[PDB]
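# below: the sequence, then the experimentally determined structure.
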Amino acid sequence: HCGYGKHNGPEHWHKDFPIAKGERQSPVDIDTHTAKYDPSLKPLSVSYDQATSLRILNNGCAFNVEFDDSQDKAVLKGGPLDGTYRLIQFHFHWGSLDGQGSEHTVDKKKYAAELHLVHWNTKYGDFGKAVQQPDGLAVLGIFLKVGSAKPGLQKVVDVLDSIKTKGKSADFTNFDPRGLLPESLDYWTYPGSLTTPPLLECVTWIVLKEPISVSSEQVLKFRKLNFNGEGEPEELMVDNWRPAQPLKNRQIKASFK
Ligand SMILES: [Zn+2]
């Protein structure tokens, strides 16, 4: 029962998941002055044209927008990656206040939220096998700041009322995740982990430098979700983020100068 409260938050997770104190945990602070431009990084390729979204689920920790990954319909390639990674879901982490909510930080700056587009390496055949491998997943991370509304986010915001509590799901077809990307695909990359239990060290992180802007009203609706199940005492789904973890023996590489 790991979670985000005082008694079961991130600082407690290591008791159930000893890898929480491992050598390649995420998120991390991205020190922009220490990251190294890597001329070898090939360009990043986000091919979401045939993306097939299916459902949106409140899983008690965030909400997940799930995709049909039974075929290469929406994939991530290039950049630091070898091979083809299939989109399986995206989710966010966000704060109680506009000054916090992101998992990664940039020169210790926290953003209001962070989008994770989760992809698995097709050479491992399924998601469950992929998470057991050091190069199993590629997660595209996108910062959110509060400013102008993001039109491509609004279809998500408007369905949240129907998945308020843990375990609720709703149909979420014909959603285009391209609407959540910033203009630039300049990124930072490093090897890390899932940022929730089981905290598996199976992720190539690709974090976009350019944030997207969402409106105050949009993030406010995120904060009206619930960690709890229906008919339970209400605990707002806020501050579902893990703080920065020790970089240890890792170098963050930049795709840009
Ligand atoms: Zn995440």
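Ah, there it is. Numbers count the residues shown, from 1 in each chain.
# for the closest residue to the ion within the stretch 51-200 of the chain, which residues are in contact?
Distances between the stretch 51-200 of the chain and the ion by CB to the ion are smallest at residue 116, namely 3.6 Å. Just so you know, the C-beta spots here come from the backbone N, C-alpha and C atoms, and that holds for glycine as well. By CB atoms under 8 Å, 6 or more residues apart in numbering, residue 116 lies in contact with 90, 91, 92, 93, 139, 140, 141, 195.
# could you count how many residues lie near the last one?
The local packing of residue 195 (other CB atoms under 10 Å) involves 24 other residues.
# checking the nearest residue to it once chain neighbours are set aside next. Helix, strand or coil?
The shortest distance from residue 195 to any non-neighbouring residue, by CB to CB, 6 or more residues apart in numbering, is to residue 242 (4.6 Å). For residue 242, the assignment made with DSSP: H, G, I helix; E, B strand; the rest coil gives coil.
# contacts only, for residue 70.
Contacts of residue 70 (CB under 8 Å, 6+ apart): none.
# ok, now with 10 Å
52, 86, 126 (CB atoms under 10 Å, 6 or more residues apart in numbering).
# who wins on neighbours among those residues?
Neighbour-wise, the contacts of residue 70 (other CB under 10 Å) top out at residue 86, 22 neighbours.
# and it, what element?
For residue 86, the enclosing helix or strand under DSSP states H and E is strand 85-94.
# from the contact counts, what lies against the helix or strand following that strand?
Downstream of strand 85-94, the first helix or strand assigned by DSSP H and E is strand 105-106. When contacts are defined as 3 or more CB pairs under 10 Å, 6 or more residues apart in numbering; DSSP states H and E, strand 105-106 sits against strand 29-30.
# how many other residues sit next to residue 79?
21.
# one more: the one 3 residues further on?
Taking other CB under 10 Å as the neighbour definition, residue 82 ends up with a count of 12.
# isn't it right next to residue 123, touching?
Yes - Residue 82 is in contact with residue 123 according to CB atoms under 10 Å; the separation is 8.7 Å.
# quickly list what's touching both of these two.
Common neighbours of residue 82 and residue 123 (CB under 10 Å, 6+ apart) are residue 135.
# how about the helices in the protein?
Applying DSSP state H to the chain gives helices spanning 127-130, 154-159, 216-222.
# residues making contact with the shortest one?
Contacting residues not belonging to helix 127-130 are listed as 69, 85-86, 88-89, 118-124, 136-138, 200, 202 [CB under 10 Å, 6+ apart].
# how about that helix: buried residues?
Buried positions in helix 127-130, judged by neighbour count with 16 or more other CB atoms under 10 Å: 127, 130.
# identify the residues contacting the residue lying farthest from the centre of the chain.
Most distant from the centre of the chain: residue 231, at 28.6 Å, with distances by CA atoms, centre = their mean. Going by CB under 10 Å, 6+ apart, residue 231 touches residue 165.
# let's see it at 8 Å
Residue 231 neighbours (CB under 8 Å, 6+ apart): none.
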